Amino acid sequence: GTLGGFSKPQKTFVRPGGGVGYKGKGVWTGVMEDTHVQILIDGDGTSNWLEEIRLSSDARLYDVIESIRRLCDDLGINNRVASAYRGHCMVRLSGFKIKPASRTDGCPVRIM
């Protein structure tokens, strides 16, 4: 179902010992469940996390969240970090679960 890729790849980097990781700002974009999606990502060299989710529509919201969770498993990206981004949302996503926008955990789910 999911189709997309990195419109802004994170930085690929080499760790001591030769391992290849990803860090810094990135953007993944594509279509999940008939919805255009942008996922803004950051990472510090030890983990990678969601900063914001941007959707073209909420018509398939909970299905899109499940597709985002599955993609984040493949990309090694968590939803445990409290993003500083706020505004333009009714809900945030935290641990891949929907929370009211009043909360501070996780990241906004912004319908554009």
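Start at 1 and count along the sequence shown; that's the residue number.
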Test of reading the entry: by CA B factor among the chain's modelled residues, which third contains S94? lowest
Chain thirds of CA B-factor: placement of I41: lowest
Sorting the chain's CA B-factors, does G4 end up in the lowest, middle or highest third? highest
Just say lowest, middle or highest third for the CA B-factor of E66 relative to the other modelled residues in its chain. middle
Which third, lowest, middle or highest, does the CA B-factor of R60 fall in along this chain? middle
